[PDB]
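Numbers 189 to 235, 256 to 406, taken from the authors' numbering, label the letters of the sequence shown in order.
I have placed the structure first, in the form of structure tokens, so that the comments after it can refer back to it.
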Amino acid sequence: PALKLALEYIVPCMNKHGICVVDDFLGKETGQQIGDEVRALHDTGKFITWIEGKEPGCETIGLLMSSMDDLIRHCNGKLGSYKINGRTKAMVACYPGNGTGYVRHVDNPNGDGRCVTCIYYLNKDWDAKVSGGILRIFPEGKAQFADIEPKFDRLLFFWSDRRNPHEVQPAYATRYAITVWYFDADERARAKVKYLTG
Ligand SMILES: N#Cc1ccc(CNC(=O)c2ncc3nc(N4CC[C@@H](O)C4)ccc3c2O)cn1
Ligand SMILES: [Mn+2]
Numbered sequence: 189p190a191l192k193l194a195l196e197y198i199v200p201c202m203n204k205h206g207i208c209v210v211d212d213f214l215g216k217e218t219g220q221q222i223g224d225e226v227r228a229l230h231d232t233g234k235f256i257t258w259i260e261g262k263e264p265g266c267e268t269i270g271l272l273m274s275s276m277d278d279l280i281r282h283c284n285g286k287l288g289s290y291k292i293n294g295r296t297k298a299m300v301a302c303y304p305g306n307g308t309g310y311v312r313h314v315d316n317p318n319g320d321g322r323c324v325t326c327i328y329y330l331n332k333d334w335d336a337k338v339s340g341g342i343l344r345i346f347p348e349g350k351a352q353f354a355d356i357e358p359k360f361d362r363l364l365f366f367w368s369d370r371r372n373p374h375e376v377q378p379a380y381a382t383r384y385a386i387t388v389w390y391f392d393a394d395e396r397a398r399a400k401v402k403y404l405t406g
């Protein structure tokens with residue numbers, strides 16, 4: 189139900205707030221397989257990494273990416289004025305439970321093409337009250353900020369640029385999550401001809 193999901197919620201939610209939470213994305217079963225695939229790769233190398261989506265043992269990881277893409281397609285270029293004509297590979301990251309937080313950062317500070325951050329969380333039965341790991345985002349122009357749990361099967365969207373500085377509180381248990389960044393056509397273009405010449 190991506191067409192309706194995209195147009196009725198994602199688009200207006202992102203255009204109005206610059207952040208959008210979509211719980212219960214792929215359902216429990218689908219998430220567990222992805223969870224297992226990520227764990228397998230972490231525990232032992234196949235042959256902080258980048259997954260194209262077609263690799264052996266990364267099939268359900270690829271499904272997530274296609275699903276994610278599908279939602280973006282069905283936004284039909286209504287996410288701001290962005291023309292999304294591609295994206296990064298999937299960053300499968302392991303975030304430790306060693307009492308370290310991540311310092312407030314902007315994902316895309318220097319206009320490198322990446323216009324939308326998209327994070328899928330893989331932390332089953334996660335309770336931030338015991339395990340921490342809260343994401344705090346500060347929408348630039350707003351009187352409020354948002355604490356967002358890294359809850360299992362949650363999909364989060366937000367603008368990668370200076371509109372969403374974000375920090376992550378410390379965690380006390382290992383965490384898994386998959387991040388993709390969706391490119392703006394004009395911005396990635398400008399960044400390419402900036403790195404060379406510019
Ligand atoms: N679960 C969990 C979970 C999820 C995110 C975080 C905090 N991470 C971030 O905001 C975050 N934001 C932007 C990032 N950009 C990165 N990039 C994108 C382009 C590459 O050259 C470097 C790499 C890691 C990032 C990164 O880790 C902590 N725990
Ligand atoms: Mn970030």
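Here a beta-carbon is modelled for each residue, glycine too, at the ideal position from N, C-alpha and C.
Limits of the alpha helix (DSSP H) - the one that residue i falls within
i: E395; result: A393 to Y403
i: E225; result: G215 to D231
i: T257; result: It is not in any alpha helix (DSSP H) - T257 instead sits in the beta strand (DSSP E) that spans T257 to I259.
i: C326; result: No alpha helix (DSSP H) contains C326, which is instead part of the beta strand (DSSP E) from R322 to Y329.
i: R281; result: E267 to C283
i: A336; result: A336 to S339
i: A190; result: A190 to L193
Spatial distance of residue i from residue j (CA atoms)
i: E260; j: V338; result: 34 Å
i: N318; j: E395; result: 10 Å
i: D333; j: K359; result: 8 Å
i: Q220; j: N331; result: 9 Å
i: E196; j: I280; result: 13 Å
i: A397; j: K291; result: 11 Å
i: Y303; j: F365; result: 19 Å
i: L214; j: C326; result: 15 Å
i: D278; j: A228; result: 26 Å
i: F353; j: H205; result: 11 Å
i: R362; j: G321; result: 25 Å
i: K216; j: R344; result: 25 Å
i: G265; j: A194; result: 29 Å
i: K286; j: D211; result: 21 Å
i: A190; j: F346; result: 28 Å
Residue i and residue j closer than 8 Å at C-beta
i: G340; j: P378; result: yes
i: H282; j: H374; result: no
i: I207; j: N316; result: no
i: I269; j: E225; result: yes
i: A393; j: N284; result: no
i: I356; j: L272; result: no
i: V376; j: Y328; result: no
i: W258; j: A301; result: no
i: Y380; j: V324; result: no
i: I342; j: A351; result: no
i: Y384; j: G233; result: no
i: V388; j: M202; result: no
i: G305; j: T382; result: yes
Boundaries (first-last residue) of the beta strand (DSSP E) holding residue i
i: residue 135; result: As shown, the chain starts at 189 and ends at 406. That puts residue 135 outside it, with no answer to give.
i: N293; result: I292 to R295
i: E375; result: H374 to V376
i: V209; result: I207 to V210
i: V311; result: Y310 to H313
i: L364; result: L363 to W367
Q. Taking a cut-off of 5 Å, which residues have a beta-carbon closer than that to any heavy atom of ligand 1, in chain order?
A. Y303, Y310, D315, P358, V376, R383 and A385
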